[PDB]
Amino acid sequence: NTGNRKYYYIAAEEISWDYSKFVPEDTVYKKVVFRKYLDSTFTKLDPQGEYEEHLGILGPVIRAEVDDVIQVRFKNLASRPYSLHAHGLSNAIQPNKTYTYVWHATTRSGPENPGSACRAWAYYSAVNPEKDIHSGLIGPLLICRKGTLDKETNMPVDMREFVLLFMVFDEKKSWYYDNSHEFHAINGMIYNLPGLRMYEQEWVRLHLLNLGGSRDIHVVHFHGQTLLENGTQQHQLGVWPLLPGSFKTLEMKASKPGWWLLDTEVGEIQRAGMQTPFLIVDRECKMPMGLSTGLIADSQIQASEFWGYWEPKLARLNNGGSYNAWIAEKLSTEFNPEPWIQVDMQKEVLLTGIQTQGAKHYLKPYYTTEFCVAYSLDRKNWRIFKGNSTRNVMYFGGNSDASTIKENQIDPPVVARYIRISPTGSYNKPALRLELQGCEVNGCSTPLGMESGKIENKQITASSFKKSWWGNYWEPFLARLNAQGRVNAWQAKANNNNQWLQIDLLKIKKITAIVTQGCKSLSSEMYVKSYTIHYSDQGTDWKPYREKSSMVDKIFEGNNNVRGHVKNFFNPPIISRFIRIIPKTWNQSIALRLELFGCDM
């Protein structure tokens, strides 16, 4: 009894298109594409989110369940006649003129009883198919089985869909008007198509569609990955023969972080450009970026304004005090993002989450009840984040009270060096104590076990340790970053120079960094101010970590306070099973709490 109407207002528009943009020499041609508008007036258009950034030349993804009814209001703002044909239903519209189509997504269009919740088809202008598709009028059309789409039509389950069109656009068949003007592309892009990001060991659904001539034939290859054919039959393919006029869907479970390539692997074509890198993020990428632990310096925080004494340098999760948060006198920020706090990672990183908190003068609560998040790589071009969002942008829900932490996810991971937060709703005044979450873009940068426990106690062993007869024992396996309670760290029985703390990674791992933290117990701030690393593969014999060129051991600067964190990266990673920290300098007493970073090999 479903028959839900799915409204779409799509127009055909002339634009300039630059293949290669994210990579040739002048590859921009006039083109005509399917653009998504917000309503019948075709005045304001529906901004393209992060979820469909990879779409490139394709139009908005029309989508629908079975028995559903698709009604699209086609405007057509181009100079000549065009049309919107939906290949898979089962007349040339003149410029500046509208016309509503009405398609009934029958069972014949849906997927198969066994696998893949959704099936791929395609829509495009049909006045002159070939000359039109080659001009840029083509888009993905998905048909799912009842219950696959959510209130605001997106896949929740398998989730994470991708729509790649492997095809050659021959500008010699369009607004040519007047050499080989051919582009062996993916979604109309050559060599680099941005927007492809997924999580390690996560199931994504691929919709591969090739609407090109007979000489196309493209063997889509996902490096280091294995495609899966889900249906009344399951087959593990390693590459898939995508033939002309065909549409195919096949899931894939990404494996291992890093930058991998996507190509047609029909050599001659692949080198012409039918390829793009695609990013696989670490499975547990959501670690504190440093606002709440000290890793991010006051220098890196900056706002456009702040209500007297509630300075930006204060917006740190949990930081307590009379003045312990950033507050703006006004959140007048509407079609303006003026009230904002900016965090500069100083380098690009992966942002996958944001946590906010309010402040409390004394008894008067202060907090943000809603905000927006913008990012940039240069600091010049910003992008207001969107994803699920039913509005032009994502309007994250803020806090309810002034102390509880509000957790917010970023639909699809984004790359940024500058995160810009701006309150759009509040109780009294937009106060904010916040923390950003993520990891390194290149992966292999997550914790190894110190703080969780994956690394068990019977793995941490130090030269010496304390045990004062007042019931205070500081065993080595307590040097777990962020420890609390009784004895929360490692105490060096002696504060000399040749003391050591080592961890048994039980196997050879890839060590990319380390985080060190002091300890504030018995009212005495003691911590390791400097160290040196030694690594072993079998157990004995150590090789002092040295720089790209030297013979002296490496001196890593540690912390300068009791609670703060300090991160050190190993330019050339460490490949071993044993790691040793050799305190060289400190304050009052040698104590520790640490965590390592790296991945399996």
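We number the residues from 1 along the sequence you see.
> Pick one of none, 1 to 3, 4 to 9 or 10 or more for the number of deposited-sequence residues not modelled between residue 178 and residue 179.
Gap between residue 178 and residue 179: 10 or more residues without coordinates.
> Quick check on the record: how many residues from the deposited sequence are absent from the model between residue 90 and residue 91 (none, 1 to 3, 4 to 9, 10 or more)?
Per the deposited record, the segment joining residue 90 and residue 91 lacks coordinates for 10 or more residues.
> Higher average CA B factor in the deposited record is what I'm after, so tell me if that's 50 to 58 or 66 to 74.
Per the PDB record, 66 to 74.
> Using only the Cα atoms and their B-factors as the entry lists them, report which of 99 to 107 and 421 to 429 averages higher.
Averaged over C-alpha atoms, the B-factors run higher in 99 to 107.
> From 246, 275, 255, 457, pick the one with the largest CA B-factor in the entry?
In this record, 457 carries the highest C-alpha B-factor of the candidates.
> Between 144, 227, 492, 450, which one tops the list for C-alpha B-factor in the PDB entry?
Largest recorded C-alpha B-factor: 492.
> Thinking about Cα B factors across the chain, which third does residue 551 belong to?
Ranked within chain, residue 551 CA B lands in the highest tercile.
> Please place residue 15 in the lowest, middle or highest third of its chain by C-alpha B factor as given in the entry.
As the PDB entry reports it, the C-alpha B-factor of residue 15 lands in the lowest third of its chain.
> Give the position of residue 160 by CA B-factor within its chain, expressed as the lowest, middle or highest third.
It belongs to the middle third of the chain when residues are ordered by C-alpha B-factor.
> Going by the entry, which third of its chain does the Cα temperature factor of residue 264 land in?
Middle third.
> What third of the chain does residue 563 rank in for C-alpha temperature factor, lowest, middle or highest?
Ranked within chain, residue 563 CA B lands in the middle tercile.
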